[PDB]
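Below you will find one chain, with nothing else, as structure tokens; this is the form deposited in one PDB entry, and questions on how it binds or moves follow later.
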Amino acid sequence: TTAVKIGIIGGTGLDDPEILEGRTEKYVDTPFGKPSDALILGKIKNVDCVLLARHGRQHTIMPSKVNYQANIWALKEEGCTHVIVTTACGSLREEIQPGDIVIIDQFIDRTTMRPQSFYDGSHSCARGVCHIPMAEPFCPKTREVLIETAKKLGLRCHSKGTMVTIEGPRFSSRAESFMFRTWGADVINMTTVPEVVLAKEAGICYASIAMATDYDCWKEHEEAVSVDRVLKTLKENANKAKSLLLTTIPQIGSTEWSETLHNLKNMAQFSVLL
């Protein structure tokens, strides 16, 4: 019943403006600098959406240099209640095949260079000390809709998974890939952290459609990851994320989020000492 507005952050090979009807481009500024690119405002059926290319529409910005703060701030300022993203990733598990979707529910941070809070003491818009809880980083209700929708579409989709986010831009060594497996990581990328953290500070329902593109390099005997391999797999499978977003978003718009959003707002508010 109450209004939703869905932010969509498109990842590698997975950032297609044609998903939205009635599109208008809008460049914005934020207190944390410029977002990766213009916001694309539009609709999926009756639902207002805001699309943003994580790496810029020409994929010019490497993961370490993405302005996660500006991206999330921009989407919050536009009125987004939800941020649903796409992310390419490596599979660290035999059962997660290239082309599979994983509706991730946890992460392990391996990043090093990245601001992870709006509350850095330098911005009048975000005053105080903020310690956000990360026990449940992703919105379970949004994830549930994604999982059910993937099933209705007949897609190979894993209902949970732990993403290890590496700094990059290099891929992992084999020793690192083996190690991440022992830590219980299921998939590997370069962008989930701090995007998920900042969304939680913003009181936004965040979920991630991870698409496996390769098996990283933990099969010593088999093909290891490369840029060409990742891009080829995405070319083959991008349609699945598009269909999943197109079908999921109207279902989100048809249910009631006020309580979910209130609880997230309170968790965020009570994490700050002003």
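The first residue of the sequence shown is number 1, and the count goes up from there. Only residues modelled in both forms are compared. Just so we're on the same page, rigid core means the largest C-alpha set that superposes within 1.5 Å between forms.
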Original post:
Among the other entries of this protein that model both neighbours of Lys240, is it absent from at least a third?
Top reply: no
Original post:
Across the other PDB entries of this protein that were compared, is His221 absent from at least a third?
Top reply: yes
Original post:
Do the C-alpha atoms of 126 to 134 or of 174 to 182 have the higher average B factor in the entry?
Top reply: 126 to 134
Original post:
Which is higher in the entry, the mean Cα B factor of 71 to 79 or that of 157 to 165?
Top reply: 71 to 79
**OP:** Sorting the chain's modelled residues by C-alpha B-factor, tell me whether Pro115 ends up in the lowest, middle or highest third.
**Re:** highest
**OP:** Consider only the C-alpha atoms of the modelled residues in this chain, order them by B-factor as the entry records it, and name the third containing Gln58: lowest, middle or highest.
**Re:** highest
Subject >> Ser226 by Cα B-factor - lowest, middle or highest third of the modelled chain >> reply: highest
**OP:** Select lowest, middle or highest to describe the third in which the CA B-factor of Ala238 falls within its chain in this entry.
**Re:** highest
Subject >> Entry-reported Cα temperature factor of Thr247, expressed as the chain third it lands in >> reply: middle
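There is another form of the same protein, the form deposited in another entry; it is not shown, and what comes next is about it.
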Original post:
Honestly, after the rigid core fit, is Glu259 moving at least 2 Å at Cα between this form and the one not shown?
Top reply: no
Original post:
With both forms fit on the core, has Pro250 moved 2 Å or more by CA between this form and the one not shown?
Top reply: no
Original post:
Cα of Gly10 displaced 2 Å or more between this form and the one not shown, core superposed?
Top reply: no
Original post:
How does the C-alpha distance between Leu14 and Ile40 change in the other form compared with the present structure, closer or farther, given a change of 3 angstroms or more?
Top reply: closer
Original post:
Relative to the form shown here, do the C-alpha atoms of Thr12 and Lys151 sit closer together or farther apart in the other form, given a change of 3 Å or more?
Top reply: closer
**OP:** Enumerate, in order of sequence, every stretch of at least three consecutive residues present in both forms where each C-alpha is displaced by 2 angstroms or more between this form and the one not shown, superposition done on the rigid core.
**Re:** 11 to 22
